[PDB]
S.K.: 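Mind looking over this structure? Questions follow.
Reckoned from all heavy atoms, side chains included, excluding hydrogens, waters and symmetry mates. Chain naming here is simple, since letters A, B, ... match the order of the sequence lines and numbering starts at 1 in each. Counting starts at 1 for both ligands and their atoms, following the listed order.
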Number of protein chains: 2
Amino acid sequence: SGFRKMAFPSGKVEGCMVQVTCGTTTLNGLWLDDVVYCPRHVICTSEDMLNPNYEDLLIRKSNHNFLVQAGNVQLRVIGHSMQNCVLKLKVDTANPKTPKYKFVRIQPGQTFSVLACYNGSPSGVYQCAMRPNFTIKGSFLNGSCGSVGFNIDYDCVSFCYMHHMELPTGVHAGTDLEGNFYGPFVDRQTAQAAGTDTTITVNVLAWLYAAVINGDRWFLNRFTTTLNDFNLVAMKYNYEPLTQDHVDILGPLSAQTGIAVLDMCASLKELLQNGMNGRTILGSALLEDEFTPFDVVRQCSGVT
Amino acid sequence: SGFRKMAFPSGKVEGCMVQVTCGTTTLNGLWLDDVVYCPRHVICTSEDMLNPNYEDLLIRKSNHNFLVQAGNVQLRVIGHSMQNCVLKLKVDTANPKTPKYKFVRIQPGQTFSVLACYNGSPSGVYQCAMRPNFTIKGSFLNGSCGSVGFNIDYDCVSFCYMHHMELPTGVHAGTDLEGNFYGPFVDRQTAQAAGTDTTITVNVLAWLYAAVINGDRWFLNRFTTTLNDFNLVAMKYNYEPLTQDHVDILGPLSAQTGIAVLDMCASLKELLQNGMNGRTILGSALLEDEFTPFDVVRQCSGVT
Ligand SMILES: O=C(c1cc(=O)[nH]c2ccccc12)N1CCN(c2cccc(Cl)c2)C(=O)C1
Ligand SMILES: O=C(c1cc(=O)[nH]c2ccccc12)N1CCN(c2cccc(Cl)c2)C(=O)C1
């Protein structure tokens, strides 16, 4: 029992973190095989960031201007190229610690772990979700760029995120490992609007299922509702619409607890309409939406 | 910016996790040098746990009855001994992945990361605190015993906790790496009372400092208070008494924000007396007490 915001063990990713310096800018790189991946804004000076022309800035850079250091050892850069918003620096040495890996572009509402890094050294690991507005509520300071988000399936690391930016509002923006930003964000120091941050309904419900499994059942009522009735309430409270796919995905949680998905929907409807009345659910005084049904199942079954 | 419950990177500890089987019981072990540390209740059958006599149960066990498996390789057990509530199994091979390490007994209110494991394989990592009642609010399932809690100082892992038990209330009890339980708990399947779980006041204040640093400043008022006036309010709300040592420890946070510790105390006093009024602080609708002043400083400075 117990429910915590749990991250994947970071060992496989720690073995991939390197430092990338270009000019006066230092950030993190991801070394997999003989390629180091990093945000392309490593080639920018703080003056360039207002309106960078990355192709022109990159023309002035050669392989020897990219300093890549793995631990205390310097890697030799034999090639460099830009793929969307990431640079791929080909090095002469394959990372001996390269785990089995994939690059995946995740959907909003999906969760992943971040290994926050500074100067190629890992400082911490935390779990977060890709928000419906394509931002992440991370914890990143100066030099954290290049830090990655990932999931692990037994021994295969699916890298899904690379940190690039912090918006004026303190939320974070980044790309997948092919350099495509999640959202409408661009790697420019300009006024960028995040958009409405809605609540991931299927995740709140999965967390209500974990709460029931964990003995916290005060919020369960004698009511049911329909997908349409529920979604009328969900829209008013800036919650994502619940679809039949979400209901299907909650099936194992519904089967384990014996609580039909629509019955749990009615409990959530009353929690939204009446608030928590000073009470807590799983030690929280608000509805948590950064646990997918896969995360709840995993944390309540023991998958290593 | 951003504030998250951040754990230490778990790589150094993942390299130490092994599986320990004795009879029909399998749990996790910590392999450091040529010794595997594990809960002594690995020698108990589910019938023995009502009132085990560990010395007598241990007499019936020989080195060959302890199956230790590191990955898919079996380790040879050449010695076994009991130290308080832990078994120390001497193996013929030193762990090649042994990091620099120490064994430390932590104080209540101190935080640490847990690498939750099952069958010697790491499944997740999360951050928690040793509660003032010497329990931990973990997330552990069947087979999680032997999972460890640690802190990292650059390259030195200080192991502080080994998981042993789940109380009937769902909170967790365990020992330091010398086998001494934190609290009055005993490794027996018996009715054990946890005690009053008070709030770690110095940690709530450190988190209020992180909130101010992170732009969440609504709760700051025009008032101050005294250590004695504050503690009168703290006692009523089951908060730990704040001492001059706690005030000293908050010094760097007070210096960085320009807010005197007693002024922050008055803000917390009003938050306790009036509640949050439906508002949030760092994305939470309750006062968080599992971030020490060292954690807040570390997460707001970038220590790797
Ligand atoms: O290192 C950071 C940084 C990242 C972060 O998440 N939090 C911080 C908090 C305090 C100070 C700095 C940071 N930078 C430099 C690059 N950078 C940027 C600026 C413009 C465009 C692009 Cl793609 C990137 C940033 O956003 C800011
Ligand atoms: O593996 C677990 C377990 C640990 C846990 O933290 N959560 C669980 C949730 C569901 C089912 C089992 C568990 N056990 C076996 C040993 N055990 C025990 C019993 C008596 C004494 C001693 Cl020292 C230990 C337990 O408390 C329970």
S.K.: Scan side-chain atoms only and decide if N119(B) and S121(B) contain a donor-acceptor pair under the 3.5 Å cut-off.
M.R.: no
S.K.: Can you list every protein residue that has a heavy atom under 4.0 Å from any atom of ligand 1, sorted by chain and residue number?
M.R.: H41(A), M49(A), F140(A), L141(A), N142(A), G143(A), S144(A), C145(A), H163(A), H164(A), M165(A), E166(A), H172(A), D187(A), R188(A), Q189(A), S1(B)
S.K.: Could you check whether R131(B) pairs with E290(B) (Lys NZ or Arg NE/NH1/NH2 to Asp/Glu carboxylate O, under 4.0 Å)?
M.R.: yes
S.K.: Between the side chains of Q19(A) and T26(A), is a donor N or O closer than 3.5 angstrom to an acceptor N or O?
M.R.: no
S.K.: Report yes or no: do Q127(A) and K5(A) form a side-chain donor-acceptor pair below 3.5 Å?
M.R.: no
S.K.: Taking only residues two or more places apart in sequence, or in another chain, which ones meet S123(B) in a side chain to side chain donor-acceptor pair (under 3.5 Å)?
M.R.: none
S.K.: When you measure from the side chain of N214(B) to the backbone N and O of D216(B), does any donor-acceptor pair fall under 3.5 Å?
M.R.: no
